[PDB]
Structure formats: C-alpha cells, structure tokens
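Heavy atoms only: backbone and side chains are in, while hydrogens, waters and symmetry mates are out. Naming convention: chains lettered A, B, ... in sequence-line order (proteins, then strands); numbering from 1 in each chain.
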Amino acid sequence: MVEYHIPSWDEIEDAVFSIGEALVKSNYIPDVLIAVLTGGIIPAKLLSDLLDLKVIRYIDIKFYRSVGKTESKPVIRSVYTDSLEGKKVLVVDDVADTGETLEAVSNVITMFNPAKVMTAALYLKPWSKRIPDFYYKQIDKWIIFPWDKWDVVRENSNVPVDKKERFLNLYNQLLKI
Amino acid sequence: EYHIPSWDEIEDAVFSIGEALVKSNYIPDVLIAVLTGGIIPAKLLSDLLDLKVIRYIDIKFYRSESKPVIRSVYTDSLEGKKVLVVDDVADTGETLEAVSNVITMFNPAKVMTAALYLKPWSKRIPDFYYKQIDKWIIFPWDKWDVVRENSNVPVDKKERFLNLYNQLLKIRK
Amino acid sequence: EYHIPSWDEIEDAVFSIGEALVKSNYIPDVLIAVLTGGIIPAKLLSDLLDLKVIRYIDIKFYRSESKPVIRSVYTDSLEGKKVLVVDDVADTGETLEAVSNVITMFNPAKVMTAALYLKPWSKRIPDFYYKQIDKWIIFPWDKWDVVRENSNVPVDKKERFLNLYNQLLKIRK
Amino acid sequence: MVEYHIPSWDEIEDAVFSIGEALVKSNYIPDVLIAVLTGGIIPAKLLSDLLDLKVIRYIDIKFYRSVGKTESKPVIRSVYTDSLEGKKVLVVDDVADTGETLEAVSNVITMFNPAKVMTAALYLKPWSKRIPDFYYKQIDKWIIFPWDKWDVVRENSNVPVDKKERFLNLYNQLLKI
Ligand SMILES: Nc1nc2c(ncn2[C@@H]2O[C@H](COP(=O)(O)O)[C@@H](O)[C@H]2O)c(=O)[nH]1
Ligand SMILES: Nc1nc2c(ncn2[C@@H]2O[C@H](COP(=O)(O)O)[C@@H](O)[C@H]2O)c(=O)[nH]1
Ligand SMILES: Nc1nc2c(ncn2[C@@H]2O[C@H](COP(=O)(O)O)[C@@H](O)[C@H]2O)c(=O)[nH]1
Ligand SMILES: Nc1nc2c(ncn2[C@@H]2O[C@H](COP(=O)(O)O)[C@@H](O)[C@H]2O)c(=O)[nH]1
Ligand SMILES: [Mg+2]
Ligand SMILES: [Mg+2]
Ligand SMILES: [Mg+2]
Ligand SMILES: [Mg+2]
Ligand SMILES: [Mg+2]
Ligand SMILES: [Mg+2]
C-alpha cells in the first residue's frame, strides 16, 4: 500500500531483535529503559525480555494530532521514574515521525543527570529532525502497529486489517451505549 | 508440559476478554496494568475497546511463604471510576488479590480483574479470562526469560536469540 | 475548646518525637509524609535527624461512615527499609491505619507511626507522639482553613488575613 | 550577621502573606502549586492554606553543593504530578540563589503545556539569573531557614541558633551509632 505500512507481529519481533543486536554491537547495554507511553510499551517490554533488562520506567507523553484535540508540540502528562543519576538510559518508542517526541523525552531525561541517554525507535520517517541512535527501518508512510490498528480502523473505515469483522461487531455494540 | 501461545492466540485472548466485558456490559474508565506481564495485554485491550486511560502498578511475587511486594503505584485519583486490573497470567492469584486490595483503597466505584490465562490452583479467579491451562505458559513477552532458565524449551527463533545472548554474556558486565 | 500551638511548640513537638526515636533507638531509613498536614512535621523531623529520604502519600478522610481515600502514592521501593509515617494529628486514627496498611504492602523491614498530636478517641495510637489533647487543634498550617470555616476563632494575624481574603473573594472565580 | 540571615517563623509568615498579597494584586490565583522539594515544602503548604489552594504537586530536585557530592547544575530525581495542561501553575521555592533550580523546574513544567507557569520564592539573591515572578525580599547572604537550621549546624559548629544545646545532645547520640 502506498499510504500505510502494516507490520505483522513477526516483523515486530524482527524489529526488536534488530534493535537488540545493534545495542550489543555498540556495547550499549542500558541500565534503564524509558518506555514512551503508550506506543513504546510493547517495544520496551519485548526488548526488556530479549536483553534481560530488569528496570523499565515510563513517560506519558502525547502528540495530539486528531479532530478532537490538536497541538503544535508533544505534551507530557506525567513522568513515572525515580532517580536516573549515573545510569545508562535508553528511550524506547515505536516510531519517530517528526522526532519531536523523542527530543522532548531526551531533554527531560537529561535533566535527571544520567550517565548517558540514547534513543531507539522501531521505525523512522525520512523527515525526522533527528535519527534515533537505534532503529530497525526507515519508512515513508503511516505505520499501523498491531497495538493501534483498531484506533486506525475507528478513524478510518477503509483500511484493510485482519479480524475486522469481529472488531466491527464489537465496536458496533460499544457505539450503541 | 508447555503452552506457547502465538501472537494470533494472544489477540484472540484479548478479543475474548473484550467481548466478555462488552457482553457483560462493564466498560472500564481506567485500566491498571500489572507490571510488567500485564502491560502488553493492557495495551492491546485499550486499543480494542478505545480505553484512553491506562495506569500501572509495579508489583512482584517471588513465589518460593512469600507475598507480593509493591514497588510503586503509578496513578492519580481513581475515586468514582470503574477499574479493570489487567495481568497476563493468574497462577497463585496472590498478585491480583494484592492489586485489587490496594486499588480498593483509592475508593473506585468498582474494581474488577482480568488475566489472559488462569492456573487451576489459583486462589482467586479473574472476573474475566480467556483460558484455564495446566501447562507452563511461555508468553511472547517472556520467552527469552524462560529460555535463559532452560535452553531446551521448544520456542521459535531460539537460534537467533542464543546467537545474540552469547555475545551479550561476553560484554556484560 | 481550642488549642493553637505556636511554632515554638511545634518545634518542641518535633524535638520530643526526635528524642523518642533516638531514645527508643529507631532511626528511619525513609519518612512517609501524610499529605498535606504531615508535610511540615516530616520536613522538620527530617532536618532534626538528618533524614535524607522523604516520600509522600496523598490521602484524605471526609469524616462524616466514611473511610480514608488514597489519591496517589509517591514512592519507589521501600523493601527492607525502616519507615516512619508522619502526620500532624491522629484524630480518628483511620488515616494512620490506612497508610500503615498500604506501606506494609511494600514489604518494609518495619513501619512505625508518628503524629504531633493525639485525640482521646483515636482507634490507633501513634508509636510516637508529643501530646494527647481534647481540644480542636488549630495548626499554624491550617489556621486560615479554620478561620474560613469560623471567623471568630482566636488566632493571631486574623485581620491581615481577612483583609487579603476579602480581595480574594472578589476575583475568584 | 554579615554572612547569615536567620529568619524567625514570624518573618516566614510575613513572607508567605506578602507572596499571597502579591498574587491577589496580580490576579494570578494558581490552579496548582508545584512545591520544589524539600525547601519549598513549608512555603507551599503555608501559601496553600493562606489562599485556599487545594492542589499541591511536587518536584524532587536538588543542587548538590557539598563535600560529599558536587554538581554543576540542578538534578531532577522525580516529578510527582499528573496532567497540568490548561492549568495556571505556580512554582514555589524557599530561595532563588543562582536561579538555576527555578529555571530547571519552569522548563520541565512548561513541557506539561500549562496555561501559564510562574515562579515564587520567599527570598532572592542579587546574583540570580532571573527574578522570580513573586518574592518577599532580596538578601545578599546565606539564609538559614527554620526547616534547615540543623543541617547548617551539622555542617557548621559556629553558627548561633536557638535550642542548640538540646540539638547537640540529640546529634551527639545520633553520632554514637
Ligand atoms: N501508529 C502510528 N503512530 C505514529 C506514527 N508516527 C508517529 N506516531 C506516534 O507519534 C510519536 C512520534 O511522533 P513525533 O514526535 O516523532 O512526530 C510516537 O510516540 C508514536 O506513538 C505512525 O506513522 N503510525
Ligand atoms: N511466564 C509464566 N509466568 C508464570 C506462570 N505462572 C506463574 N508465573 C509467575 O509466577 C507468579 C504466580 O503468582 P501470581 O501471578 O498468581 O501472583 C507470578 O510472578 C507470575 O508472573 C506461567 O505459567 N508462565
Ligand atoms: N486542624 C485539625 N484537623 C483535624 C483535627 N482533628 C481531626 N482533623 C481532621 O479530621 C480527620 C481525622 O481523622 P484521622 O486524621 O484520624 O484519619 C483528618 O482528616 C484530620 O486532618 C484537629 O484537631 N485539628
Ligand atoms: N538554606 C539555604 N538554602 C539555599 C540557599 N540558597 C539556595 N538554597 C537552595 O538551593 C535552591 C536554589 O538554588 P539556585 O538553583 O537558585 O542556585 C533552593 O531550592 C534552595 O532550597 C540559601 O541561602 N540558604
Ligand atoms: Mg507514542
Ligand atoms: Mg498514536
Ligand atoms: Mg506479573
Ligand atoms: Mg491529613
Ligand atoms: Mg531546594
Ligand atoms: Mg538546601
């Protein structure tokens, strides 16, 4: 499809393996993962299991780009971590588009005085203002992840995703309350 | 001896629970993900049902007579809200019990629980679950922890992992 | 009918508790301040005893059959630590009980409690306190909340406050 | 004293009244107070009671300037707040010296996209890089607050503070364990 990239779970595992493999090549084994909620949740958990990283923390930050709510920049809603001083930190997200979210998170994490902050995203857009330190693939269309496919379907009746009928039947019932 | 759900099955597990919540007419205001096994289930359930508020509790259970230990609770007020606690497996049931007990202290309008899978000997049954299973469940999100314990478990992509793990052993720490 | 401690008395209350902790040989690893009445006592106690780790719990009790309601818990791991929960007054004792109960879920090595003042009818007695008092205590940190309730309470600087409060009523909201 | 300012509790109350009075003059009634832990704790609580402000949140941030630990800039250890979007926020600290702490906190709070962020400190030093939006007095010596007087005494056997003998007897016992 020209307008969407719809990766399978197998591609997501390949993406996470690739990040892990790159981390080991660079000898950057993080002390702490910072998952960018909520798109970075699954990537961070999978990477954590892959590399036996026992410490995951979280930042709730969102780039509002919808009909109901539109903003110019990412907005932090909360930061879920204690001291990161002297730690090697890796920020993990599912995709860097403009790169503003990773920049915002990097900036705020740097205020915790870690030993090092680096960034990882599964996917990168050509127009991103900064290349993440670690990434799996550059792609120039909108990515539909397995964990936000139904949000896309809700906003877009056209898109072809697996299990759509089962979802529509459920969504239908939700809409009637 | 082992149950190793595909991502396809995990999706069906989440669909199952989402359908039960809808059929039973319980639509959560807030999901509490039990870290870290519950975070992928919670995320998938949030997407399916369009639940915009996910909060988290860092809790651990060192099985061998232990009790669950809370390390942190990441949430603000839950008062007056319908909460669904979400975890990946209910084995002893201690974790869900502990989480429900602390969430109740936030005076929500209701707390219910959900886990993808349930063990026969669980002291408490989740309000919502996909399947009860006798075998040891290897999740897509903890398959390498299991392999690092026993290398001979029959999971896919094990060679790619062992390749990586080998290098990892040399550079850490 | 009223007890209105000076800052001098508050200091002596904190000294009293600090001396009791030292005499009794319990030196906390972590203070849990019960927000918001406990935060000034906790800060003063932290300075006296050189306690560098203060954490917090946002909890409220709407007296008229209610229960304390937790709004958030601000702490990471307490496991293996000696904790002292700190509040300004123990009236019904429900708040301290609730806080102790949730902190125990973090598996600390010990939780003890402290409040500056104690009411005769408290269901639970703080492990450390300064004085039991029958009167309604007006703290230096909630004197204006009391005045806003009843203007005729005998606190100092009330005219400066009413002057300010009057302007405040006009511009809010 | 040329080297220390040691305010009484009555002066602290005067300071908090003055901030409150200035807030009302400016018609800036905050929705949320951000207390800068731990020096801003007492000022924020007193201001909260004074102006009936029911929402107080917290940031744990420290400027290490001691023998045991020295740093160039403030370091955030944790941020205790949920969404501040669209709120009028007032950052409250006990003193602005270099002004780096208030700057750091203002910067991070601005990432939460509040309607407005302003700052208040009881005291201001002449060499501060920015004047807080609200303050009680400018002073050019080290302030010993009622809530960190014993920390000063521990680091400095000379300073004259009330109740020192009672403290030394206690400190003595602490040191022997
Ligand atoms: N599903 C999906 N989410 C995206 C896409 N691009 C950006 N996002 C979301 O927006 C953030 C990145 O936006 P940025 O700040 O890089 O513009 C990420 O945290 C990600 O969750 C996309 O193509 N597909
Ligand atoms: N991957 C996996 N972990 C399990 C399984 N059964 C129990 N556990 C772990 O063992 C504990 C069981 O106690 P409970 O989860 O009921 O508190 C939890 O820490 C849980 O993560 C299982 O079948 N598969
Ligand atoms: N200022 C003040 N507040 C009190 C006094 N007694 C009770 N309260 C308030 O009433 C409640 C008493 O219940 P408890 O504190 O034991 O949970 C708390 O919310 C406490 O702050 C008092 O004597 N003075
Ligand atoms: N006790 C005391 N603390 C100070 C003094 N100056 C700065 N501080 C502490 O350091 C911070 C301000 O430092 P700045 O970032 O403005 O250099 C405040 O949060 C305050 O707690 C002082 O003169 N006396
Ligand atoms: Mg995102
Ligand atoms: Mg998104
Ligand atoms: Mg778990
Ligand atoms: Mg209280
Ligand atoms: Mg300070
Ligand atoms: Mg200081």
Side-chain angles (χ1 to χ4, degrees), chain A residues 16 19 23 28-62 74-94 101-121 132-134, chain B residues 31-40 42-43 54-60 69-76 141, chain C residues 53 55-56 72-79 106, chain D residues 57-61 75-83 108 111-112:
Chain A
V16 169
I19 301 292
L23 288 163
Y28 190 74
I29 306 308
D31 295 310
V32 182
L33 297 184
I34 299 300
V36 182
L37 302 173
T38 58
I41 281 166
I42 276 112
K45 174 61 186 170
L46 295 184
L47 184 64
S48 162
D49 180 50
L50 180 64
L51 293 185
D52 201 12
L53 309 176
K54 293 179 172 55
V55 180
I56 310 175
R57 295 300 184 264
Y58 313 88
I59 182 161
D60 179 355
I61 177 181
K62 222 209 174 295
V75 171
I76 299 173
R77 307 191 292 183
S78 60
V79 183
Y80 298 136
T81 183
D82 204 296
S83 171
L84 301 170
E85 200 166 16
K87 307 270 177 62
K88 283 176 300 179
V89 175
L90 180 73
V91 177
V92 180
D93 209 354
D94 49 4
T101 295
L102 284 180
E103 176 176 287
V105 173
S106 296
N107 285 345
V108 66
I109 293 298
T110 295
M111 305 174 82
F112 285 68
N113 192 34
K116 185 63 170 157
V117 209
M118 300 190 91
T119 60
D133 299 291
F134 303 91
Chain B
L31 299 182
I32 303 290
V34 182
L35 305 173
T36 59
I39 77 188
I40 295 174
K43 176 54 180 176
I54 312 181
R55 295 300 183 261
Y56 314 87
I57 184 160
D58 183 354
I59 180 173
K60 73 181 171 189
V69 179
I70 301 175
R71 304 194 273 201
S72 65
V73 192
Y74 301 132
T75 186
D76 199 285
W141 45 88
Chain C
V53 186
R55 295 300 183 261
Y56 314 87
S72 65
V73 192
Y74 301 132
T75 186
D76 199 285
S77 174
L78 295 175
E79 193 172 31
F106 287 70
Chain D
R57 295 300 184 264
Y58 313 88
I59 182 161
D60 179 355
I61 177 181
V75 171
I76 299 173
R77 307 191 292 183
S78 60
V79 183
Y80 298 136
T81 183
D82 204 296
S83 171
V108 66
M111 305 174 82
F112 285 68

Criterion side chain to side chain contact (heavy atoms under 4.5 Å, CB included) on A:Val91 and A:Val117, from CA distance to verdict: CA-CA 7 Å; A:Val91 177; A:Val117 209; 3.9 Å; yes
Side-chain donor or acceptor of A:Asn113 paired with backbone N/O of A:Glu85 under 3.5 Å: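 Such a contact is absent between A:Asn113 side chain and A:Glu85 backbone.
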Whether A:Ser48 side chain and A:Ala44 backbone form a donor-acceptor pair below 3.5 Å: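 Judged by distance alone, no pair lies under 3.5 Å.
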Taking the side chain as every heavy atom from C-beta outward, state whether [X] and [Y] have any pair of such atoms under 4.5 Å apart.
X       : Y        : result
D:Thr81 : D:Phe112 : yes
A:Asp31 : A:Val89  : no
B:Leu35 : A:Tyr58  : yes
A:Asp94 : A:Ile42  : no
D:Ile61 : D:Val79  : no
A:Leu46 : B:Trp141 : yes
A:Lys88 : A:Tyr28  : yes
A:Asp93 : A:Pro43  : no

Specify the closest pair of heavy atoms between [X] and [Y], including all atoms of both residues, with the distance to one decimal.
X       : Y       : answer
A:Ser83 : A:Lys87 : O-NZ, 3.7 Å
A:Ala35 : A:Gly40 : CB-O, 4.0 Å
A:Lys45 : B:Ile39 : CB-CD1, 3.6 Å

First locate atom [atom1] of [X], then atom [atom2] of [Y], and finally report the distance between them rounded to the nearest 0.5 Å.
X        : Y        : atom1 : atom2 : value
A:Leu47  : A:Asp52  : CG    : CG    : 11.0 Å
A:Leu23  : A:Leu90  : CG    : CG    : 5.5 Å
A:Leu51  : A:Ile19  : CG    : CD1   : 10.0 Å
A:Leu102 : A:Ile34  : CG    : CD1   : 12.5 Å
D:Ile76  : A:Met111 : CD1   : CE    : 4.0 Å
C:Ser72  : B:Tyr74  : OG    : OH    : 13.0 Å

NZ/NE/NH1/NH2 to OD/OE distance under 4.0 Å, C:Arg55 and A:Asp82: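 Salt bridge between C:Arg55 and A:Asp82, a charged N being under 4.0 Å from a carboxylate O: yes.
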Salt-bridge contact A:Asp60-A:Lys62 (side-chain N to carboxylate O under 4.0 Å):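 A salt bridge is absent here (no side-chain N lies under 4.0 Å from a carboxylate O).
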